[PDB]
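Enquirer: Next comes entry28.txt, compact mmCIF, C-alpha atoms and all ligand atoms:
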```
# COMPACT_ATOMS: atom_id res chain seq x y z
CA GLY Z 4 33.64 8.29 33.61
CA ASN Z 5 30.21 7.21 34.84
CA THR Z 6 27.82 9.14 32.55
CA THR Z 7 25.37 7.63 30.12
CA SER Z 8 23.39 10.12 28.11
CA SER Z 9 20.66 9.89 25.51
CA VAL Z 10 19.34 11.77 22.53
CA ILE Z 11 15.63 11.39 21.88
CA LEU Z 12 14.79 10.96 18.25
CA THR Z 13 11.80 11.79 16.13
CA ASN Z 14 10.71 9.20 13.53
CA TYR Z 15 9.44 10.90 10.37
CA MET Z 16 7.47 8.27 8.39
CA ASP Z 17 9.89 5.39 9.14
CA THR Z 18 12.40 6.99 6.77
CA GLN Z 19 14.10 9.80 8.70
CA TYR Z 20 15.19 9.60 12.31
CA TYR Z 21 16.67 12.69 13.81
CA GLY Z 22 17.41 14.32 17.16
CA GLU Z 23 18.15 17.83 18.28
CA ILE Z 24 21.49 19.39 19.06
CA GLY Z 25 22.41 22.87 20.25
CA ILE Z 26 25.26 24.78 18.61
CA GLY Z 27 26.68 28.03 19.94
CA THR Z 28 26.13 30.35 22.83
CA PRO Z 29 23.26 30.72 23.31
CA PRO Z 30 22.44 27.35 21.76
CA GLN Z 31 20.91 27.41 18.29
CA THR Z 32 18.91 24.23 17.85
CA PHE Z 33 19.16 21.90 14.86
CA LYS Z 34 17.51 18.69 13.82
CA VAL Z 35 20.21 16.23 12.88
CA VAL Z 36 20.60 12.70 11.65
CA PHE Z 37 23.10 10.70 13.66
CA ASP Z 38 24.92 8.96 10.86
CA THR Z 39 27.30 6.01 11.41
CA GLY Z 40 27.89 6.05 7.64
CA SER Z 41 29.80 9.37 7.82
CA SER Z 42 32.09 11.23 10.22
CA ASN Z 43 31.51 15.00 9.77
CA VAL Z 44 29.14 17.29 11.59
CA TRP Z 45 27.35 19.90 9.54
CA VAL Z 46 24.38 22.17 9.64
CA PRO Z 47 23.14 24.77 7.15
CA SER Z 48 24.81 28.17 7.44
CA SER Z 49 23.39 31.69 7.56
CA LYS Z 50 26.01 32.22 4.76
CA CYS Z 51 24.07 29.86 2.49
CA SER Z 52 22.75 31.78 -0.51
CA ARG Z 53 18.94 31.81 -0.27
CA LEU Z 54 18.81 30.73 -3.91
CA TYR Z 55 19.26 27.36 -2.21
CA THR Z 56 15.65 26.91 -1.22
CA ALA Z 57 16.73 24.20 1.23
CA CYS Z 58 18.48 26.97 3.19
CA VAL Z 59 15.25 28.98 3.16
CA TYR Z 60 13.35 26.03 4.71
CA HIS Z 61 15.96 24.73 7.15
CA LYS Z 62 17.38 26.13 10.30
CA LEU Z 63 20.56 28.09 9.64
CA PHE Z 64 23.51 28.40 12.02
CA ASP Z 65 24.35 32.04 12.50
CA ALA Z 66 27.92 32.43 13.80
CA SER Z 67 27.20 36.11 14.30
CA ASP Z 68 24.71 35.13 17.08
CA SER Z 69 27.19 32.88 18.92
CA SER Z 70 29.62 34.25 21.48
CA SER Z 71 31.52 30.92 21.59
CA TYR Z 72 32.14 30.73 17.83
CA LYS Z 73 35.69 30.26 16.57
CA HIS Z 74 36.26 30.96 12.88
CA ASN Z 75 38.18 28.55 10.70
CA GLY Z 76 36.88 28.98 7.15
CA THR Z 77 38.53 25.98 5.45
CA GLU Z 78 36.25 24.99 2.57
CA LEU Z 79 35.01 21.40 2.45
CA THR Z 80 32.62 19.36 0.38
CA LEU Z 81 30.81 16.31 1.74
CA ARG Z 82 29.79 13.90 -1.02
CA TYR Z 83 27.10 11.53 0.16
CA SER Z 84 25.68 8.78 -1.98
CA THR Z 85 22.41 10.77 -2.10
CA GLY Z 86 23.81 14.25 -2.74
CA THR Z 87 26.41 16.80 -1.81
CA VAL Z 88 26.78 19.70 0.56
CA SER Z 89 29.56 22.20 0.61
CA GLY Z 90 30.62 25.04 2.84
CA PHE Z 91 33.35 25.78 5.34
CA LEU Z 92 34.61 24.76 8.75
CA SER Z 93 33.79 26.45 12.01
CA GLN Z 94 34.19 25.62 15.64
CA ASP Z 95 31.67 26.08 18.42
CA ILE Z 96 30.20 24.41 21.47
CA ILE Z 97 27.76 21.64 20.58
CA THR Z 98 25.26 20.33 23.10
CA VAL Z 99 24.18 16.74 22.43
CA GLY Z 100 22.17 14.87 25.08
CA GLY Z 101 23.31 17.30 27.80
CA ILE Z 102 27.00 16.77 26.91
CA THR Z 103 28.76 19.96 25.77
CA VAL Z 104 31.73 19.48 23.45
CA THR Z 105 33.90 21.92 21.47
CA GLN Z 106 33.46 20.63 17.95
CA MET Z 107 34.65 21.52 14.50
CA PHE Z 108 31.73 21.32 12.08
CA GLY Z 109 30.65 22.33 8.60
CA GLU Z 110 28.65 25.44 7.95
CA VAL Z 111 26.87 24.41 4.73
CA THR Z 112 26.56 27.20 2.18
CA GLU Z 113 25.59 25.04 -0.80
CA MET Z 114 22.69 22.73 -0.18
CA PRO Z 115 20.92 21.37 -3.32
CA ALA Z 116 17.11 21.45 -3.25
CA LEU Z 117 17.12 17.86 -4.46
CA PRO Z 118 17.58 16.07 -2.17
CA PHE Z 119 17.68 18.46 0.76
CA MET Z 120 14.16 19.91 0.40
CA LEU Z 121 13.09 16.35 1.23
CA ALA Z 122 15.08 16.34 4.49
CA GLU Z 123 13.04 16.94 7.63
CA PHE Z 124 16.44 17.21 9.38
CA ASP Z 125 18.66 20.31 9.05
CA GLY Z 126 22.04 18.60 9.23
CA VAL Z 127 24.10 15.57 10.15
CA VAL Z 128 26.17 14.38 13.08
CA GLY Z 129 28.60 11.79 11.71
CA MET Z 130 29.13 8.88 14.11
CA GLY Z 131 31.83 7.24 12.02
CA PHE Z 132 35.55 7.21 12.46
CA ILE Z 133 38.11 9.98 11.95
CA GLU Z 134 39.53 7.89 9.04
CA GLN Z 135 36.29 8.72 7.11
CA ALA Z 136 36.19 12.39 8.15
CA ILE Z 137 36.54 14.85 5.29
CA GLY Z 138 39.36 17.21 6.22
CA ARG Z 139 40.40 14.78 9.01
CA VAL Z 140 38.15 16.76 11.37
CA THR Z 141 37.89 15.05 14.78
CA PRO Z 142 34.40 13.52 14.91
CA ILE Z 143 32.09 14.45 17.76
CA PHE Z 144 32.09 11.02 19.45
CA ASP Z 145 35.92 11.05 19.54
CA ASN Z 146 35.73 14.50 21.14
CA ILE Z 147 33.13 13.23 23.64
CA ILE Z 148 35.36 10.18 24.42
CA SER Z 149 38.30 12.55 25.07
CA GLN Z 150 36.35 14.21 27.92
CA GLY Z 151 36.28 10.93 29.91
CA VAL Z 152 32.61 11.35 30.93
CA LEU Z 153 31.08 8.26 29.26
CA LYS Z 154 31.20 4.97 31.15
CA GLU Z 155 31.92 3.14 27.89
CA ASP Z 156 33.39 3.98 24.49
CA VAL Z 157 30.13 2.88 22.83
CA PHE Z 158 26.87 4.29 21.55
CA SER Z 159 23.59 2.58 20.71
CA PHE Z 160 20.65 3.15 18.37
CA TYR Z 161 16.99 2.38 18.86
CA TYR Z 162 14.73 3.31 15.95
CA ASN Z 163 11.04 2.89 16.75
CA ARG Z 164 8.63 1.19 14.35
CA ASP Z 165 5.89 3.67 15.33
CA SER Z 166 6.03 6.94 13.35
CA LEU Z 172 9.27 7.94 21.20
CA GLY Z 173 10.62 7.96 17.61
CA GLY Z 174 13.96 6.60 18.73
CA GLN Z 175 16.88 6.91 21.07
CA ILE Z 176 20.65 7.04 20.89
CA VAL Z 177 22.48 6.16 24.09
CA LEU Z 178 25.92 7.70 24.39
CA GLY Z 179 28.08 5.55 26.64
CA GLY Z 180 26.04 2.34 26.69
CA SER Z 181 22.73 0.79 25.72
CA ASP Z 182 19.18 0.93 27.00
CA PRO Z 183 17.77 -2.48 28.13
CA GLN Z 184 14.25 -1.00 27.83
CA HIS Z 185 14.58 -1.10 24.01
CA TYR Z 186 16.19 -4.49 23.43
CA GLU Z 187 15.83 -8.02 24.67
CA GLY Z 188 17.96 -11.11 24.85
CA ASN Z 189 21.69 -11.06 24.31
CA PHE Z 190 23.74 -8.92 21.99
CA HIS Z 191 25.37 -10.71 19.09
CA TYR Z 192 28.74 -9.00 18.60
CA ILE Z 193 30.33 -8.87 15.14
CA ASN Z 194 33.86 -7.55 14.61
CA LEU Z 195 34.52 -4.80 12.08
CA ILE Z 196 36.45 -5.74 8.93
CA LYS Z 197 38.75 -2.86 9.93
CA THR Z 198 38.80 0.15 12.23
CA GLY Z 199 37.72 3.32 10.35
CA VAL Z 200 34.32 2.21 9.04
CA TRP Z 201 31.22 0.69 10.66
CA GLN Z 202 31.37 -2.18 8.18
CA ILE Z 203 31.16 -5.92 8.80
CA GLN Z 204 31.51 -9.05 6.73
CA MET Z 205 28.36 -10.53 5.27
CA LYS Z 206 28.31 -14.11 3.97
CA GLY Z 207 24.97 -14.38 2.20
CA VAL Z 208 21.76 -12.64 1.33
CA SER Z 209 18.91 -15.12 1.11
CA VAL Z 210 15.39 -14.91 -0.22
CA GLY Z 211 13.43 -17.62 1.61
CA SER Z 212 15.80 -20.62 1.93
CA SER Z 213 17.80 -19.65 -1.22
CA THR Z 214 21.13 -17.83 -0.76
CA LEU Z 215 21.11 -16.14 -4.17
CA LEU Z 216 23.42 -13.22 -3.26
CA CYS Z 217 26.73 -12.55 -1.52
CA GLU Z 218 27.65 -16.24 -1.81
CA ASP Z 219 31.41 -15.51 -1.81
CA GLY Z 220 31.08 -12.89 0.93
CA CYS Z 221 30.54 -9.16 0.71
CA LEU Z 222 30.49 -6.05 2.89
CA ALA Z 223 27.69 -4.62 4.99
CA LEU Z 224 27.93 -1.05 6.24
CA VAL Z 225 25.69 -0.51 9.29
CA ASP Z 226 24.39 2.96 8.40
CA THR Z 227 22.14 4.67 10.94
CA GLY Z 228 21.88 7.64 8.57
CA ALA Z 229 20.27 5.60 5.78
CA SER Z 230 16.53 4.97 5.44
CA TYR Z 231 16.65 1.63 3.70
CA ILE Z 232 18.59 -1.49 3.09
CA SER Z 233 20.78 -1.00 0.05
CA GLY Z 234 23.15 -2.96 -2.11
CA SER Z 235 24.76 -2.46 -5.50
CA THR Z 236 22.52 -2.00 -8.53
CA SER Z 237 23.38 -5.50 -9.84
CA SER Z 238 22.81 -7.09 -6.41
CA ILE Z 239 19.51 -5.27 -5.90
CA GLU Z 240 18.26 -6.00 -9.43
CA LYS Z 241 18.81 -9.74 -8.77
CA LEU Z 242 17.12 -9.50 -5.36
CA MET Z 243 14.16 -7.64 -6.86
CA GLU Z 244 13.85 -10.09 -9.74
CA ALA Z 245 13.61 -12.81 -7.07
CA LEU Z 246 10.85 -10.85 -5.23
CA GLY Z 247 8.93 -10.04 -8.47
CA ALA Z 248 9.26 -6.31 -7.73
CA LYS Z 249 9.04 -3.54 -10.37
CA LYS Z 250 11.84 -0.99 -10.66
CA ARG Z 251 10.90 2.68 -10.70
CA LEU Z 252 13.15 5.79 -10.87
CA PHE Z 253 14.08 5.78 -7.14
CA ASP Z 254 12.38 2.77 -5.53
CA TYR Z 255 11.11 -0.72 -6.16
CA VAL Z 256 7.46 -1.58 -5.78
CA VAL Z 257 5.09 -4.51 -5.69
CA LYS Z 258 1.35 -4.56 -6.09
CA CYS Z 259 0.16 -3.95 -2.50
CA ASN Z 260 -1.88 -7.15 -2.40
CA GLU Z 261 1.38 -9.10 -3.05
CA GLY Z 262 3.19 -7.39 -0.14
CA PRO Z 263 2.20 -10.00 2.49
CA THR Z 264 3.11 -12.89 0.13
CA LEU Z 265 6.73 -11.71 -0.15
CA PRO Z 266 9.42 -14.04 1.24
CA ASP Z 267 11.78 -13.43 4.12
CA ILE Z 268 15.09 -11.82 3.32
CA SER Z 269 18.02 -12.90 5.48
CA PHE Z 270 21.43 -11.37 5.93
CA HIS Z 271 24.11 -13.79 7.09
CA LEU Z 272 26.09 -11.73 9.61
CA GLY Z 273 28.63 -13.14 12.10
CA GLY Z 274 27.43 -16.72 11.66
CA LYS Z 275 23.73 -15.85 12.10
CA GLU Z 276 20.75 -15.24 9.84
CA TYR Z 277 19.27 -11.74 10.38
CA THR Z 278 15.85 -12.17 8.86
CA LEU Z 279 13.49 -9.44 7.67
CA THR Z 280 9.93 -10.50 6.88
CA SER Z 281 7.72 -8.64 4.38
CA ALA Z 282 6.28 -6.68 7.31
CA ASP Z 283 9.80 -5.33 8.01
CA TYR Z 284 10.54 -4.22 4.43
CA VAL Z 285 7.24 -3.40 2.70
CA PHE Z 286 5.49 -0.07 3.18
CA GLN Z 287 2.13 -1.79 3.37
CA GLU Z 288 -0.03 1.31 2.74
CA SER Z 289 -2.87 -0.66 1.13
CA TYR Z 290 -3.90 -4.25 0.29
CA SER Z 291 -5.23 -3.29 -3.17
CA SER Z 292 -4.05 -5.09 -6.32
CA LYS Z 293 -4.47 -1.67 -8.03
CA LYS Z 294 -2.02 0.29 -5.80
CA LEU Z 295 1.78 -0.02 -5.62
CA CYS Z 296 3.61 -0.45 -2.32
CA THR Z 297 7.23 0.63 -1.91
CA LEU Z 298 9.93 -1.66 -0.60
CA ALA Z 299 12.43 -0.33 1.99
CA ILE Z 300 15.26 -1.74 -0.12
CA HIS Z 301 16.98 0.01 -3.07
CA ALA Z 302 20.21 0.31 -5.04
CA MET Z 303 23.03 2.47 -3.69
CA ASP Z 304 26.29 2.19 -5.60
CA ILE Z 305 29.02 3.22 -3.20
CA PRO Z 306 32.45 3.56 -4.80
CA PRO Z 307 35.67 2.07 -3.36
CA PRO Z 308 37.29 1.92 -0.94
CA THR Z 309 34.02 1.78 1.13
CA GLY Z 310 32.09 -0.07 -1.59
CA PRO Z 311 30.74 -1.86 -3.41
CA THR Z 312 28.82 -2.64 -0.23
CA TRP Z 313 25.46 -3.39 1.23
CA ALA Z 314 24.22 -0.91 3.76
CA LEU Z 315 21.88 -1.76 6.62
CA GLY Z 316 19.82 1.35 7.33
CA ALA Z 317 16.74 2.15 9.40
CA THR Z 318 14.85 -0.81 7.91
CA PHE Z 319 17.34 -3.13 9.57
CA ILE Z 320 17.89 -1.11 12.76
CA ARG Z 321 14.15 -0.99 13.53
CA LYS Z 322 14.32 -4.74 14.07
CA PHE Z 323 17.83 -4.93 15.49
CA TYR Z 324 18.84 -2.63 18.32
CA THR Z 325 22.41 -1.73 17.44
CA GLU Z 326 25.35 -1.03 19.72
CA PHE Z 327 28.41 0.55 18.13
CA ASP Z 328 31.48 -0.39 20.16
CA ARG Z 329 34.54 1.81 19.62
CA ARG Z 330 36.47 0.16 22.47
CA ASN Z 331 36.38 -3.25 20.76
CA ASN Z 332 35.78 -2.29 17.07
CA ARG Z 333 32.60 -4.31 16.87
CA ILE Z 334 28.90 -3.93 16.36
CA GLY Z 335 26.39 -5.60 18.66
CA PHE Z 336 22.89 -6.54 17.51
CA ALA Z 337 19.99 -7.42 19.78
CA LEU Z 338 16.26 -7.82 19.11
CA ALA Z 339 14.66 -4.37 19.41
CA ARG Z 340 11.51 -3.83 21.48
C1 LIG H 1 17.64 7.25 9.44
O1 LIG H 1 17.22 8.62 9.26
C2 LIG H 1 17.98 9.38 8.31
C3 LIG H 1 17.62 9.01 6.87
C4 LIG H 1 18.32 9.97 5.91
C5 LIG H 1 18.33 9.37 4.50
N1 LIG H 1 18.86 10.38 3.58
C6 LIG H 1 20.11 10.40 3.02
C7 LIG H 1 21.15 9.37 3.28
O2 LIG H 1 20.84 8.21 3.12
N2 LIG H 1 22.38 9.69 3.74
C8 LIG H 1 22.85 11.09 3.95
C9 LIG H 1 22.04 11.99 4.90
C10 LIG H 1 22.21 11.60 6.37
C11 LIG H 1 22.52 13.43 4.65
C12 LIG H 1 23.34 8.59 3.97
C13 LIG H 1 23.87 8.62 5.41
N3 LIG H 1 24.94 7.64 5.62
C14 LIG H 1 26.08 7.92 4.74
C15 LIG H 1 25.58 7.64 3.32
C16 LIG H 1 26.74 7.71 2.35
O3 LIG H 1 26.91 8.76 1.74
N4 LIG H 1 27.59 6.68 2.10
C17 LIG H 1 28.69 6.87 1.12
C18 LIG H 1 30.02 6.52 1.80
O4 LIG H 1 29.90 5.22 2.39
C19 LIG H 1 28.89 5.12 3.41
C20 LIG H 1 27.52 5.35 2.76
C21 LIG H 1 24.49 8.67 2.95
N5 LIG H 1 20.25 11.47 2.27
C22 LIG H 1 19.11 12.18 2.30
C23 LIG H 1 18.71 13.38 1.69
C24 LIG H 1 17.45 13.88 1.92
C25 LIG H 1 16.55 13.21 2.75
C26 LIG H 1 16.91 12.01 3.36
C27 LIG H 1 18.20 11.50 3.14
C1 LIG H 2 41.68 25.72 10.43
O1 LIG H 2 42.03 24.49 11.08
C2 LIG H 2 43.30 23.96 10.67
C3 LIG H 2 43.49 22.57 11.28
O2 LIG H 2 43.37 22.66 12.71
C4 LIG H 2 44.40 24.94 11.06
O3 LIG H 2 45.71 24.47 10.70
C5 LIG H 2 44.14 26.27 10.37
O4 LIG H 2 45.13 27.23 10.75
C6 LIG H 2 42.75 26.78 10.73
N1 LIG H 2 42.55 28.01 9.97
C7 LIG H 2 42.15 29.17 10.49
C8 LIG H 2 42.04 30.30 9.51
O5 LIG H 2 41.87 29.33 11.68
```
Represent the structure of the file as structure tokens.
Expert:
Amino acid sequence: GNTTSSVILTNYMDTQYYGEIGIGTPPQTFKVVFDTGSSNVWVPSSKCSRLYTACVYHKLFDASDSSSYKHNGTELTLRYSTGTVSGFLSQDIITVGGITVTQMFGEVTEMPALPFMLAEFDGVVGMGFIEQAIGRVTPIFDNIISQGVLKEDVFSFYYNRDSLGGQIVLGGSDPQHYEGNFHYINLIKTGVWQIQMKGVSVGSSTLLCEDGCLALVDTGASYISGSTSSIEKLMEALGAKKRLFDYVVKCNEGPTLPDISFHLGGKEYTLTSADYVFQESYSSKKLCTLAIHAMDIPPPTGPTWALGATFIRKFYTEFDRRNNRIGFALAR
């Protein structure tokens, strides 16, 4: 086709970027993360027991208020690295950036308070491949492609550093939010937004991923992550202290921290301390969190690094389904 369309995103505290979709007739609105690290659509269900407090606080899809609903009822569980939701499949019309698509999605009936009470978003729109889709449910971008409306089989992510929170372009990219040329890196394989990485360096020292490793480009993740052993080494190099869920440095040390570079497609993608430290103070008596942590992702996807919002804030990212590649450009 000829259409480009966009979804405007909100940036909650540089950690959660979400847009709004409509589901049903008339449209029920949900806040959703657009997640290249997964392939299912879900939102919380009116069938969710209210003993799940996360279903009390989030927007619930009520099938009984939608005239375009089509029951399916197959039960599915989506296991994320951060937690699990379960429920059942339904079909309805989803509106996303003014594109209406008939989509099979999860109605979540089991939604654990940890972590989902910490989600500003209600649900997830998986932007990954059908190969990753639980229940082999056709992902929404595949269904959008099938309509022949988009000028290209691509979508692009801008995540703002100011917390316009962000923008996803369906069918292209937005030159207003990047500059210079795209650097295009081929996927290891179709089915996952994962590329080869050939080094993680602290300063001039390539102390990790020397023999090569994987990098998942995960728009649904807040941080940069790697395996526990990888991240422990990295954090030992930075002089960072491990806590339960994050690593920290004394805030005064934040600006002294070295650059971290990811060797992707023959180039060094470099984050400075400003890109990865939540510099909330300059006090030697406060602790400042790093936007880098351990996520152990089991095979076949992992072990793998994952380049989340921390990375994407700096690097405008085009996801190219036509050519099975990811393009990076400098975000502005
Ligand atoms: C950039 O803005 C969105 C940041 C959301 C970060 N966040 C995650 C989170 O990081 N994820 C899930 C979620 C999308 C459901 C990621 C999304 N990408 C897929 C990964 C994942 O499960 N894997 C395992 C399989 O391989 C790919 C990475 C989980 N869980 C959360 C719970 C409460 C609050 C915030 C949470
Ligand atoms: C749910 O979807 C599957 C796959 O399309 C289909 O075979 C099945 O019959 C559906 N079930 C119901 C109850 O509609």
Enquirer: Rank Z:111, Z:272, Z:35, Z:314 by their smallest atom-to-atom distance to residue Z:207, using only C-alpha atoms, and report the top residue only.
Expert: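 Among the listed residues, the smallest separation from residue Z:207 belongs to Z:272.
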Enquirer: Taking only C-alpha atoms and all ligand atoms and a cut-off of 6 Å, can you tell me which residues surround ligand LIG 1 (chain H), written as a ChimeraX atom specification?
Expert: /Z:18-20,36,38,40-41,83-85,118-119,121-122,127,226-230,305,309,317
Enquirer: Quick one: of Z:97, Z:315, Z:217, Z:102, who's nearest to residue Z:151, counting all atoms listed in the file?
Expert: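 Among the listed residues, Z:102 lies closest to residue Z:151.
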Enquirer: Could you please determine the separation between atom CA of residue Z:271 and atom CA of residue Z:159 in Å, to one decimal place?
Expert: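 Computing it gives 21.3 Å between the two atoms.
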Enquirer: Would you mind telling me which residue in Z:154, Z:34, Z:82, Z:50 lies nearest to residue Z:135 when using all atoms listed in the file?
Expert: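 Of all the options, Z:82 lies closest to residue Z:135.
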Enquirer: Produce as a list in words the set of residues near ligand LIG 2 (chain H), where near means within 8 Å with all atoms listed in the file considered.
Expert: residues 73, 74, 75, 76, 77, 92 and 140 of chain Z
Enquirer: Can I get the selection written as a CSV table (one decimal), in the frame of the given file, with C-alpha atoms?
Expert:
```
chain,number,residue,atom,x,y,z
Z,73,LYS,CA,35.7,30.3,16.6
Z,74,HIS,CA,36.3,31.0,12.9
Z,75,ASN,CA,38.2,28.6,10.7
Z,76,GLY,CA,36.9,29.0,7.2
Z,77,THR,CA,38.5,26.0,5.4
Z,92,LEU,CA,34.6,24.8,8.8
Z,140,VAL,CA,38.2,16.8,11.4
```
Enquirer: How many Å lie between atom CA of residue Z:211 and atom CA of residue Z:270, rounded to one decimal?
Expert: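 Computing the Euclidean distance for atom CA of residue Z:211 and atom CA of residue Z:270 yields 11.0 Å.
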Enquirer: Excluding stretch 142-147 of chain Z and any residue of its chain fewer than 6 positions from it, enumerate the residues within 7 Å of it, using all atoms listed in the file, and give them as number ranges by chain.
Expert: Z: 42-43, 104, 106, 129-130, 132-133
Enquirer: Distance atom CA of residue Z:61-atom CA of residue Z:117, one decimal place?
Expert: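 Atom-to-atom, atom CA of residue Z:61 to atom CA of residue Z:117, that is 13.5 Å.
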Enquirer: Residues within 8 Å of residue Z:234, please, as a list in words. Count all atoms listed in the file; anything in the same chain fewer than 2 positions from it doesn't count.
Expert: residues 232, 236, 238, 239, 301, 302, 303, 304, 311, 312, 313 and 314 of chain Z
Enquirer: For residue Z:325, which residue out of Z:222, Z:195, Z:268, Z:177 is the nearest one, using all atoms listed in the file?
Expert: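 Going through Z:222, Z:195, Z:268, Z:177 one by one, the smallest distance to residue Z:325 is for Z:177.
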Enquirer: Leaving out residue Z:176 and any residue of its chain fewer than 3 positions from it, which residues lie within 6 Å of it when counting all atoms listed in the file, given as a PDB file with C-alpha atoms, keeping the file's coordinate frame?
Expert:
```pdb
ATOM      1  CA  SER Z   9      20.660   9.890  25.510  1.00  0.00           C
ATOM      2  CA  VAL Z  10      19.340  11.770  22.530  1.00  0.00           C
ATOM      3  CA  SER Z 159      23.590   2.580  20.710  1.00  0.00           C
ATOM      4  CA  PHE Z 160      20.650   3.150  18.370  1.00  0.00           C
TER       5      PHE Z 160
END
```
Enquirer: Hey, which of Z:310, Z:180, Z:266, Z:220 ends up closest to residue Z:335? Count only C-alpha atoms.
Expert: Z:180
Enquirer: Taking the partial coordinates given, rebuild stretch 9-20 of chain Z to contain N, CA and C atoms; return it as a CSV table (one decimal), keeping the file's coordinate frame.
Expert:
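Listing of out-v2.csv after writing:
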```
chain,number,residue,atom,x,y,z
Z,9,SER,N,21.5,10.3,26.6
Z,9,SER,CA,20.7,9.9,25.5
Z,9,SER,C,20.2,11.1,24.7
Z,10,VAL,N,20.0,10.8,23.4
Z,10,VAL,CA,19.3,11.8,22.5
Z,10,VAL,C,18.0,11.1,22.1
Z,11,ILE,N,16.9,11.9,22.3
Z,11,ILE,CA,15.6,11.4,21.9
Z,11,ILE,C,15.5,11.7,20.4
Z,12,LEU,N,15.0,10.8,19.7
Z,12,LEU,CA,14.8,11.0,18.2
Z,12,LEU,C,13.3,11.0,17.9
Z,13,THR,N,13.1,11.8,16.8
Z,13,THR,CA,11.8,11.8,16.1
Z,13,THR,C,11.9,10.8,14.9
Z,14,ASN,N,10.8,10.1,14.7
Z,14,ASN,CA,10.7,9.2,13.5
Z,14,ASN,C,9.7,9.9,12.6
Z,15,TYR,N,10.3,10.4,11.5
Z,15,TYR,CA,9.4,10.9,10.4
Z,15,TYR,C,9.2,9.8,9.4
Z,16,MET,N,8.0,9.2,9.4
Z,16,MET,CA,7.5,8.3,8.4
Z,16,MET,C,8.3,7.0,8.2
Z,17,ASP,N,9.0,6.6,9.2
Z,17,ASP,CA,9.9,5.4,9.1
Z,17,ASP,C,11.1,5.6,8.2
Z,18,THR,N,11.3,6.8,7.7
Z,18,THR,CA,12.4,7.0,6.8
Z,18,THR,C,13.5,7.9,7.3
Z,19,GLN,N,13.1,8.8,8.2
Z,19,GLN,CA,14.1,9.8,8.7
Z,19,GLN,C,14.0,9.9,10.2
Z,20,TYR,N,15.1,9.6,10.9
Z,20,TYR,CA,15.2,9.6,12.3
Z,20,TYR,C,16.2,10.6,12.7
```
